[PDB]
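For reference, the structure is listed below as structure tokens.
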Amino acid sequence: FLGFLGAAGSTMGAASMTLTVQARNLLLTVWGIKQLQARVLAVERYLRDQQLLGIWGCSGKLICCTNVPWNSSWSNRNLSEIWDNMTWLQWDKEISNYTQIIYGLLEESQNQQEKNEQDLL
Amino acid sequence: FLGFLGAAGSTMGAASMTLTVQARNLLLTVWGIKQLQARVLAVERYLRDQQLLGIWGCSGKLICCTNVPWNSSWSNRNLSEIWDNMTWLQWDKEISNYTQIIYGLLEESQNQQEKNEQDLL
Amino acid sequence: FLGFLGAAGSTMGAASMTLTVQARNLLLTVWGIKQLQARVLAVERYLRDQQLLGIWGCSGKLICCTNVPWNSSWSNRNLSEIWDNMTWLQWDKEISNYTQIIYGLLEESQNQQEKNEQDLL
Amino acid sequence: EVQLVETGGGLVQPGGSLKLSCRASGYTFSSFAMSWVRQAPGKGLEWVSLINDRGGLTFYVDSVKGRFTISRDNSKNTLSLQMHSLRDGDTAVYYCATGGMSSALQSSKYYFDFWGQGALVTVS
Amino acid sequence: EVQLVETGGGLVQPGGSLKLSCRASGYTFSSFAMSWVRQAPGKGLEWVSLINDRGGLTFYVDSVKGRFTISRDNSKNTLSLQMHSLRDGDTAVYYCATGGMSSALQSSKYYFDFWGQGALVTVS
Amino acid sequence: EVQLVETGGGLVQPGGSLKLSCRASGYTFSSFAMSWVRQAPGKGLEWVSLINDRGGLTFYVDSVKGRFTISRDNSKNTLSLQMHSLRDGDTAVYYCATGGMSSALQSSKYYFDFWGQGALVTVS
Amino acid sequence: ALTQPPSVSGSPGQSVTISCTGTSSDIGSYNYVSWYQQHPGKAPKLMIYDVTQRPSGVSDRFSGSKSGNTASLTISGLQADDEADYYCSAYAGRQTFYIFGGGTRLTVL
Amino acid sequence: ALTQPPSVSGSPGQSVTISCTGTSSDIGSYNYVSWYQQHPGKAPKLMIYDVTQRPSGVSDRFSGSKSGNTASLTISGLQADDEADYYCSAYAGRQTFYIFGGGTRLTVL
Amino acid sequence: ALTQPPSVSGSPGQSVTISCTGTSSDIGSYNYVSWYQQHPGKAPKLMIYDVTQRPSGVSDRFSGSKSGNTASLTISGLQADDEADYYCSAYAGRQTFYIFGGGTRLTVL
Ligand SMILES: *[C@@H]1O[C@H](CO)[C@@H](O)[C@H](O)[C@H]1NC(C)=O
Ligand SMILES: *[C@@H]1O[C@H](CO)[C@@H](O)[C@H](O)[C@H]1NC(C)=O
Ligand SMILES: *[C@@H]1O[C@H](CO)[C@@H](O)[C@H](O)[C@H]1NC(C)=O
Ligand SMILES: *[C@@H]1O[C@H](CO)[C@@H](O)[C@H](O)[C@H]1NC(C)=O
Ligand SMILES: *[C@@H]1O[C@H](CO)[C@@H](O)[C@H](O)[C@H]1NC(C)=O
Ligand SMILES: *[C@@H]1O[C@H](CO)[C@@H](O)[C@H](O)[C@H]1NC(C)=O
Ligand SMILES: *[C@@H]1O[C@H](CO)[C@@H](O)[C@H](O)[C@H]1NC(C)=O
Ligand SMILES: *[C@@H]1O[C@H](CO)[C@@H](O)[C@H](O)[C@H]1NC(C)=O
Ligand SMILES: *[C@@H]1O[C@H](CO)[C@@H](O)[C@H](O)[C@H]1NC(C)=O
Ligand SMILES: *[C@@H]1O[C@H](CO)[C@@H](O)[C@H](O)[C@H]1NC(C)=O
Ligand SMILES: *[C@@H]1O[C@H](CO)[C@@H](O)[C@H](O)[C@H]1NC(C)=O
Ligand SMILES: *[C@@H]1O[C@H](CO)[C@@H](O)[C@H](O)[C@H]1NC(C)=O
Ligand SMILES: *[C@@H]1O[C@H](CO)[C@@H](O)[C@H](O)[C@H]1NC(C)=O
Ligand SMILES: *[C@@H]1O[C@H](CO)[C@@H](O)[C@H](O)[C@H]1NC(C)=O
Ligand SMILES: *[C@@H]1O[C@H](CO)[C@@H](O)[C@H](O)[C@H]1NC(C)=O
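Protein chains in written order, with PDB author numbering: chain B, 519 to 545, 568 to 661; chain B', 519 to 545, 568 to 661; chain B'', 519 to 545, 568 to 661; chain H, 1 to 52, 52A, 53 to 82, 82A to 82C, 83 to 100, 100A to 100H, 101 to 112; chain H', 1 to 52, 52A, 53 to 82, 82A to 82C, 83 to 100, 100A to 100H, 101 to 112; chain H'', 1 to 52, 52A, 53 to 82, 82A to 82C, 83 to 100, 100A to 100H, 101 to 112; chain L, 3 to 9, 11 to 27, 27A to 27C, 28 to 95, 95A to 95B, 96 to 107; chain L', 3 to 9, 11 to 27, 27A to 27C, 28 to 95, 95A to 95B, 96 to 107; chain L'', 3 to 9, 11 to 27, 27A to 27C, 28 to 95, 95A to 95B, 96 to 107. A prime marks a further copy of an entry chain.
Here it is, written out as structure tokens:
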């Protein structure tokens, strides 16, 4: 159907079915250096996102359901507005200021989970 | 026992016990650039295969059992011929034309599985 | 609390709560080449460790409990000394000579586990 | 206004099989989970089966778990219930209903919003 | 020398609720797992619940599994046990004890090292 | 032509232990899964245990699950069954048989291809 | 399952209460207790969902609540048109999804 | 487990049928129902495997099939050499791997 | 759970043995069988842990061992101060963590 970013204007729940479409598009000596820098950067950016998913316990997934509650102060909206009316670009603007808080919480709940699972073994 | 590619002439079921042997072997300014390009490429090729396993739900595995049925039209042979007589080089030639079909099916069944698992939580 | 390597002088069980602190810090043409080589190497070193965790069955984890027994000949100490008195730098020296043995055992037990899990499906 | 119309045979021998179906209209079929509920000839209501909106996940009451199959086709707006083996204890009115589950990306239901009128099935 | 002191009410009606607590001293509270054990008025000992040293993992005997909650606060050196519903069969002396589990990075226990004197709870 | 020969003691006291073994020849031992089946002195056949071709996976019938161990040594072409505790109800002829499982990379069996003659075990 | 077997009655204008008693690993732990109305010979209608909420089209004569392991349906300005059987149901977790009680017959006097 | 207790009989040259009845979460759902022949005092021999297939060395006098939850073994040109007990077994899934029925004694008249 | 109901007795200076019998998926499989001493009216004290070990502060008059599914507590130089109830307990795996037997009353003669 749609190709890369074709779902950008779609709602969040219509999109998020195309996650593999975007994931797969992330992959004279002076010209050689400029291009190696571009390629090295693409790899480094990719790996930082993968490392981050790993420490949150979401390695290998495109959709990862976590064990952190949603604070209503981050966005006081119902699922109907978020998944049926909004697009991902709009959502990203709405909660930009809470991104680092959420990320810190995700890392911490994984550290606790990982240890509890060791004690049970 | 055998080192890198030593199992190449072995049958498919004799091989496939050596998967870590091959996996571990995948890792004047002009000379510097030629070598950086070779190294950058090795990394990019490695990561594309890992990304692909990830979207199929096989991250972190060397052997991954999936939920896609085998169409007899891709290769109408019994397990005895495939695993006991054939080598992997022969097999690769036999089903070369079906590789993209199979890959598309693997991606799609994972998308469905991943969503069903979200609804169950 | 502590930042990068701040736990280096702490005991092994006090440390190992800071694993994400260290994991996240691993990420004129002549100057361009020297820096690309440094960046390419950082990526290659990172990926070798990740590949190794993968073949041991520990992909995506910071703490991975395995199915290999500990030979008392590698270090004849009780958990109390190892986790409460020693630091990781001291431990690393104590068992340096057994690292390759342990790694070989981890790879082998994973190969057996992975196959047993295929037969059960 | 929505409609749910049950169709299907109403008289079978024990040991046989029976397929019921339910045609839906007036709402987006594909947006809702659906279920079947029995009304015993002289008693109350019993839940029998539930299917997800996309048709991938099904659930059953233990008493029919190894006997009944629930299926959905979103292109025709229909449900079906395939009964097998059949017991005298399965005589009931079978109602088609909308609700029961949720899709985890929308508000939950866990209740039944709409009901059809019911197919009557007798096991002789 | 360590101390474990149970406090809490001792007389409730069936169908009600009761919270018991246990103050600890003389040892690092946070280094040990803890549990509650009942002494029936005229019989023996029964294990009821266990909590991990960090408070994240709890375990229960089936007979109270849907009724009791065990909790820990390492900043106050206290345990608590919240009883609900309450049955006549729950009349007992409730002892606070240290031990029961382990933390998998230290030697195991699987026994109880220290005991308090016990709170007496009667269900009328 | 293949052979399976059961050996092992035939008379034990209840509460004791007994080890049986089975020597195989005429086929690649390591290519097949194997099992033990009992023949009651006056009744029918009962499956007791199953071991995978590589020796890593074992399965048991509930009645011996906490008592019997099945083991294999592919370098000697032998099976063994270690009985413990022993009940009067365990008196039977114990047959060594080839089959039962599969290796998931070859055609399945789920049947027994070859049988030995059986060791007779009596619990007094 | 859930229980409440008796008939229930009262005169027009009087309120009535219909009980629904379950257990802890059922009605106690989940706040999903709907109520349905059924005139004999007709399919059931949803009256109350979740605990207290009513569907659009349902009058305010119908309300409900829960305490402990017991839920109840309240009918206020009782009408002759309320002569129907009433059933409660509840989500009982995964594995056992839904249970119902028997219903009660409401008689208007 | 599986059931079929009676003796079975017939004269040489007559066919006989030996039944094997199980349940749905057994014989109904899995097509793995082998049959074994045992002369008293001897180890069993495999006659039929899967449903209809026979091992090499087994004559065509032995065949079988299944319907619903019942399987059966058919013996055609009955011989005096068929006087053996016959057993059916079935794969019953993981956890409960195999079950057997009692066997039947075949008497040649 | 674990069993040993009788009273136990002997004169000062005589040894006594207190049994504790369990099952295989309990005391047989795990070596975690502690013993506790309780004077009436007082909280229990740990005497033996694991199988044979004693806590510091516990005298060498107390020792113990196990065989098969039966454990036992041995008291050697029996004192009048040993008049207490004795209980055995055991780790019984995950899910069922601990079980206890009834205790025995030790009478010094
Ligand atoms: C764009 O908006 C219209 C408005 O209804 C919608 O129907 C359409 O599907 C949207 N585009 C995409 C890609 O969904
Ligand atoms: C939600 O965020 C506010 C600040 O925005 C914070 O005070 C509150 O504790 C948070 N709630 C939870 C449950 O953490
Ligand atoms: C829920 O959705 C409705 C849209 O009908 C909206 O009016 C209401 O404000 C939303 N609730 C919240 C939490 O804002
Ligand atoms: C959100 O989507 C629903 C879908 O039917 C639509 O009815 C509603 O008006 C939309 N709300 C907004 C604010 O766009
Ligand atoms: C994020 O910070 C900017 C800073 O000016 C502020 O204007 C904006 O409203 C903040 N966003 C939210 C969602 O509060
Ligand atoms: C090469 O073919 C022969 C033919 O039997 C076989 O035995 C041998 O093992 C094969 N080589 C390898 C590496 O398996
Ligand atoms: C198998 O492949 C053929 C075409 O090669 C296709 O028509 C058929 O539907 C496929 N079978 C399945 C089960 O998808
Ligand atoms: C199965 O294997 C045999 C080898 O004995 C072969 O003759 C037969 O053709 C194979 N079946 C198929 C599907 O071709
Ligand atoms: C396949 O391998 C088996 C192993 O014994 C051998 O007997 C058979 O002849 C082989 N078939 C072919 C076509 O090589
Ligand atoms: C793959 O395509 C080529 C194109 O000529 C064809 O010759 C070959 O037979 C195809 N392979 C298969 C397995 O059909
Ligand atoms: C350094 O050693 C002292 C000795 O007790 C200890 O208390 C302190 O915490 C140690 N430093 C760190 C980072 O733990
Ligand atoms: C432990 O190591 C020694 C050699 O250091 C080796 O001989 C012994 O077999 C090892 N033990 C185990 C259980 O592998
Ligand atoms: C165990 O720890 C103690 C410290 O009290 C030490 O003396 C002893 O040597 C340790 N055991 C071993 C295995 O060395
Ligand atoms: C190990 O740590 C414990 C913690 O209390 C301390 O008592 C002990 O003396 C330490 N041992 C050594 C050898 O430092
Ligand atoms: C490791 O090898 C060196 C080589 O001299 C040796 O001195 C050292 O003791 C060895 N380490 C251990 C733990 O044996």
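All C-beta atoms, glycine included, are put in the ideal place defined by N, C-alpha and C.
Quick one: does residue i have its CB under 8 Å from some CB of chain H?
| i | result |
| --- | --- |
| residue 72 (chain L') | no |
| residue 28 (chain L) | no |
From what residue to what residue does the beta strand (DSSP E) around residue i run?
| i | result |
| --- | --- |
| residue 18 (chain H') | 17-25 |
| residue 3 (chain H) | 3-8 |
| residue 69 (chain H'') | 68-72 |
| residue 48 (chain L) | 45-48 |
| residue 103 (chain H') | 100H-103 |
Any beta carbon from chain L'' within less than 8 Å of residue i's own beta carbon?
| i | result |
| --- | --- |
| residue 101 (chain H') | yes |
Could you confirm whether any beta carbon from chain H' is found closer than 8 Å to the beta carbon of residue i?
| i | result |
| --- | --- |
| residue 22 (chain L'') | no |
| residue 620 (chain B'') | yes |
Check whether the Cβ of residue i lies closer than 8 Å to any Cβ atom in chain B'.
| i | result |
| --- | --- |
| residue 79 (chain H'') | no |
Quick one: what does DSSP say residue i is sitting in, helix, strand or coil?
| i | result |
| --- | --- |
| residue 60 (chain H) | coil |
| residue 569 (chain B'') | helix |
| residue 614 (chain B'') | coil |
| residue 106 (chain L'') | strand |
| residue 42 (chain H) | coil |
| residue 24 (chain L'') | strand |
| residue 580 (chain B') | helix |
| residue 35 (chain L'') | strand |
| residue 590 (chain B'') | helix |
| residue 82 (chain L) | helix |
Counting only beta-carbon atoms, is residue i nearer than 8 Å to chain B''?
| i | result |
| --- | --- |
| residue 100A (chain H') | yes |
| residue 532 (chain B') | no |
| residue 73 (chain H'') | no |
Hey, does residue i have any beta-carbon neighbour from chain L' nearer than 8 Å?
| i | result |
| --- | --- |
| residue 108 (chain H'') | no |
Would you mind reading off the limits of the alpha helix (DSSP H) that contains residue i?
| i | result |
| --- | --- |
| residue 95 (chain H') | Counting along the chain, residue 95 (chain H') falls outside any alpha helix (DSSP H), though it belongs to the beta strand (DSSP E) covering 88-95. |
| residue 52A (chain H'') | No alpha helix (DSSP H) holds residue 52A (chain H''); DSSP gives it neither H nor E. |
| residue 79 (chain H'') | Where residue 79 (chain H'') is concerned, there is no enclosing alpha helix (DSSP H), although the beta strand (DSSP E) it sits in stretches over 77-82A. |
| residue 642 (chain B'') | 639-659 |
| residue 11 (chain L') | That residue, residue 11 (chain L'), is in no alpha helix (DSSP H); its beta strand (DSSP E) goes 11-13. |
I want to see whether chain H'' comes within less than 8 Å of residue i, judged by CB atoms only; does it?
| i | result |
| --- | --- |
| residue 67 (chain L'') | no |
| residue 528 (chain B') | no |
| residue 607 (chain B'') | no |
| residue 98 (chain L') | yes |
message = Quick test of the definition: if touching needs 3 or more C-beta pairs under 8 Å, does the region 525-542 of chain B' touch the region 612-621 of chain B?
response = By the C-beta criterion, the region 525-542 of chain B' is judged not to be in contact with the region 612-621 of chain B, since fewer than 3 inter-stretch pairs fall below 8 Å.
inquiry  = Between the region 89-98 of chain H'' and the region 3-14 of chain H'', can you find at least three pairs of beta-carbon atoms closer than 8 Å?
reply    = With the cut-off at 8 Å, the region 3-14 of chain H'' and the region 89-98 of chain H'' touch.
inquiry  = Would you call the region 15-26 of chain H' in contact with the region 66-82 of chain H', where contact means no fewer than 3 C-beta pairs closer than 8 Å?
reply    = Touching, per the Cβ criterion.
task = Take every Cβ of the region 580-587 of chain B', pair it with every Cβ of the region 574-594 of chain B, and state whether three or more of those distances are shorter than 8 Å.
result = The region 580-587 of chain B' is in contact with the region 574-594 of chain B.
ask   = Between the region 26-41 of chain H' and the region 68-83 of chain L'', are three or more C-beta pairs nearer than 8 Å?
value = Verdict: no, contact absent.
request  = Would you check if there are 3 or more beta carbon pairs closer than 8 Å linking the region 40-51 of chain H' to the region 641-658 of chain B?
outcome  = Too few Cβ pairs lie closer than 8 Å, so no.
query = On the three-pair Cβ rule with 8 Å, is the region 12-20 of chain L' touching the region 35-50 of chain L'?
reply = With the cut-off at 8 Å, the region 12-20 of chain L' and the region 35-50 of chain L' do not touch.
message = Taking 6 Å as the limit, name every residue whose beta carbon sits nearer than that to some heavy atom of ligand 4, in sequence order.
response = These are the residues, in chain order, with a beta carbon less than 6 Å from any non-hydrogen atom of ligand 4: B:624, B:625.
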